[PDB]
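Read the structure below first, then the notes.
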Amino acid sequence: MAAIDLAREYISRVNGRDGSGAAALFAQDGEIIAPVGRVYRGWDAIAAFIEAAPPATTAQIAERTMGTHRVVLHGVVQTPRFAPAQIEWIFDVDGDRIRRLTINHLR
Amino acid sequence: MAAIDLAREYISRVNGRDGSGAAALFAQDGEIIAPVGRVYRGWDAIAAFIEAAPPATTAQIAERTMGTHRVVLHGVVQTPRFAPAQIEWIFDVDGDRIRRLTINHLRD
Amino acid sequence: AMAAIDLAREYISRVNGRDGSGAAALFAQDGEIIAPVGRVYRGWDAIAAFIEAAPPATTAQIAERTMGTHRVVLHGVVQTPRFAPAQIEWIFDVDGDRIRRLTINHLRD
Amino acid sequence: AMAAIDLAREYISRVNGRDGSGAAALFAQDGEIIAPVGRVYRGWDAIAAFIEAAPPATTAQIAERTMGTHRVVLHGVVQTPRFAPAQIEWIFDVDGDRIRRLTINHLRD
Ligand SMILES: [Cl-]
Ligand SMILES: [Cl-]
Ligand SMILES: [Cl-]
Ligand SMILES: [Cl-]
Numbered sequence: 045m046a047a048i049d050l051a052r053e054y055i056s057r058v059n060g061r062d063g064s065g066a067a068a069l070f071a072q073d074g075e076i077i078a079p080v081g082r083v084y085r086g087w088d089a090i091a092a093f094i095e096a097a098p099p100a101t102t103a104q105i106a107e108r109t110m111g112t113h114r115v116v117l118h119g120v121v122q123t124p125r126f127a128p129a130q131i132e133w134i135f136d137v138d139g140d141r142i143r144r145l146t147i148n149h150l151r
Numbered sequence: 002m003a004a005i006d007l008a009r010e011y012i013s014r015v016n017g018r019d020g021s022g023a024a025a026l027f028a029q030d031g032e033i034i035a036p037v038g039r040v041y042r043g044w045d046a047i048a049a050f051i052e053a054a055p056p057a058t059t060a061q062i063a064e065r066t067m068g069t070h071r072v073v074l075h076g077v078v079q080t081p082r083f084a085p086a087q088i089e090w091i092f093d094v095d096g097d098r099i100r101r102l103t104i105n106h107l108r109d
Numbered sequence: 002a003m004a005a006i007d008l009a010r011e012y013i014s015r016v017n018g019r020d021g022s023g024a025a026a027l028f029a030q031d032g033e034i035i036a037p038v039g040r041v042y043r044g045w046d047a048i049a050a051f052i053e054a055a056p057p058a059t060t061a062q063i064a065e066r067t068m069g070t071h072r073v074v075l076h077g078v079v080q081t082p083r084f085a086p087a088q089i090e091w092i093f094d095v096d097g098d099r100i101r102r103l104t105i106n107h108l109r110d
Numbered sequence: 002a003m004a005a006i007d008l009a010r011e012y013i014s015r016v017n018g019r020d021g022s023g024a025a026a027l028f029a030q031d032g033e034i035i036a037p038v039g040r041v042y043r044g045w046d047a048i049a050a051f052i053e054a055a056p057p058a059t060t061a062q063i064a065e066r067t068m069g070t071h072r073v074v075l076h077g078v079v080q081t082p083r084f085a086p087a088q089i090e091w092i093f094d095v096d097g098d099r100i101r102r103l104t105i106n107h108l109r110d
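Chains as they are written, first to last, in this note's numbering: chain A, 45 to 151; chain B, 2 to 109; chain C, 2 to 110; chain D, 2 to 110.
Pasting the structure below:
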């Protein structure tokens, strides 16, 4: 699974509200930064983030950066409480797993 | 405006993404202390801190302490994508204005 | 015309000098700092305010982890008069000889 | 048996003595040090870790600004090798003969 394939499968997992399935894409010492300043390190914390964050339905996913080791996706997240939000997912990949995902809310 | 009213109006104005209006609740040398050890002193600096916030709603407010000069609110900040955050706002109030607001993130 | 590594090193030098304006001048007009917790300071005045809000601190033991034409990662130690040393990562995205975005991640102690 | 002001004075004395275990033993088991705001040391192990990692720098002219049965505010000047003298504020929340929370603020000129 290439970096772009991991990024796409992560988005698929989150759309299914499948925290454990998303966590299995990360290295054991992988982490989600969401947002900057709030870090979820390791499989348990990553699955807990997905489970605690609102139920996500993504749309209009665009691949902004794509390489063997880094992928940037931009997309729109629809949620029960807010206007559609432009979200940026920055994936750092090594060894066929995600080492770090940083999630920015674009203004 | 009593301290509890200033605290409630601050939450209302941040929910409106109104940096200028939130800042006018503070004394001219009032300050916000926020992560990590950042001190925003004065109306311009407080408005900048407020305007840097993610789009969010701040609700489920519990009034933990209330007095003439100190108010503590607990609440939940929700955002489109991130997990709900438990927040504590500690308002030090003197003479109809906020002198210091300390913002503590609480355990999830 | 400063290269990305030059902008990154100068940013650190300006922050050690408490110099919010000089640090802001390293950014594009619509450049930004993303800092805890999800705070985005966009534009020169906001960046200046963020920098001025820092406590007296010195930023040293810089290791240049990544350097290229358009992206720089620095790791460093921030020391203060009373608080514990903090391990910090600065990620600079650079375009057209200015910083488009600086992301500031706290690392494990 | 120790009053709130006694807890605060003993905390400063144990930190000045570089005794992180002894300072932690003044706190509730789920007590915390916030130092600075946004950086939280929860529980005795983390509190000992803060004390051991923070500068040994010493509080000299400690002033007792606020005291009561459940809250104490101390102000003092800490002098460190590489900074100007720094005005520091220690805010102790006390319940049941133990420190529930200590917040450490670096006061700005
Ligand atoms: Cl996500
Ligand atoms: Cl706020
Ligand atoms: Cl910085
Ligand atoms: Cl201390």
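Note that CB positions come from ideal geometry on N, CA and C, so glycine has one too.
For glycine 81/A and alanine 36/C, the gap between their C-alpha atoms comes out near 7 Å.
With fewer than 16 neighbouring CB atoms inside 10 Å of its own CB, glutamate 107/A falls in the exposed class. Remark: fewer than three beta-carbon pairs, one from each stretch, lie closer than 8 Å, so the stretch 11-19 of chain B and the stretch 45-55 of chain C are not flagged as touching. Residue-level contact check: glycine 97/C does not touch chain A, since none of the beta carbons of chain A fall below 8 Å from its beta carbon. In chain order, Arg151 make up the part of chain A whose C-beta sits under 8 Å from the C-beta of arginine 43/C. When C-alpha distances from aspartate 140/A are compared across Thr112/A, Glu132/A, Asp62/A, the shortest belongs to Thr112/A.
Of the candidates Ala127/A, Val137/A, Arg85/A, the residue whose Cα lies closest to the Cα of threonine 102/A is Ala127/A.
The straight-line gap separating the alpha-carbon atoms of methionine 45/A and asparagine 106/D is approximately 48 Å.
The beta carbon of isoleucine 105/D sits closer than 7 Å to at least one heavy atom of ligand 4.
Spanning the alpha carbons of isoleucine 131/A and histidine 118/A requires a straight line of approximately 6 Å. Here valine 74/D is not near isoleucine 6/D, since their CB atoms are 8 Å or more apart. The DSSP-derived three-state label of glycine 63/A is helix. Under the three-state reduction of DSSP, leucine 117/A is assigned to strand.
Among the bridge pairs identified by DSSP, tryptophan 133/A is matched with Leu117/A, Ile147/A.
Listed along chain A are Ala78, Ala97, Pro98, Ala100, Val121, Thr123, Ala129, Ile131, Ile147, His149, each with a C-beta nearer than 8 Å to that of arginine 82/B.
Proximity of the beta carbon of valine 16/D to ligand 4 is indicated: a heavy atom of the ligand is located closer than 7 Å. At a cut-off of 8 Å between beta carbons, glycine 81/A contacts chain C. Between the C-alpha atoms of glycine 43/B and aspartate 95/B there is a straight-line separation of about 15 Å. Under the Cβ distance rule, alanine 50/C counts among the residues neighbouring chain B, one pair being separated by less than 8 Å. Within the DSSP secondary-structure output, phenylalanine 27/B pairs in a beta bridge with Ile99/B. If you keep only unbroken beta strand (DSSP E) runs of at least 3 residues inside the stretch 33-62 of chain C, you get 40-43. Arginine 66/D carries a strand assignment under DSSP once its states are collapsed to helix, strand and coil.
For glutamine 80/C, the pairing in a beta bridge is given by DSSP as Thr59/C. Secondary structure at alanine 47/A: helix, using DSSP grouped into helix, strand and coil. Distances taken from the Cβ of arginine 82/B to the heavy atoms of ligand 1 include one shorter than 7 Å. Look at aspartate 94/C: its C-beta is not under 8 Å from any C-beta on chain B.
Cβ-Cβ separation between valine 78/B and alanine 46/B: approximately 21 Å, too far for a contact (criterion under 8 Å). Inclusion of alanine 100/A in the 7 Å shell around ligand 1 follows from its C-beta lying nearer than that to a non-hydrogen atom of the ligand.
No Cβ-Cβ contact shorter than 8 Å links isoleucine 92/D with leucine 108/D. Going by beta carbons, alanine 28/B and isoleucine 99/B fall inside the 8 Å limit.
Under a criterion of Cβ atoms nearer than 9 Å, the residues of chain B adjacent to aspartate 46/C are, in order, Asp45, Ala49.
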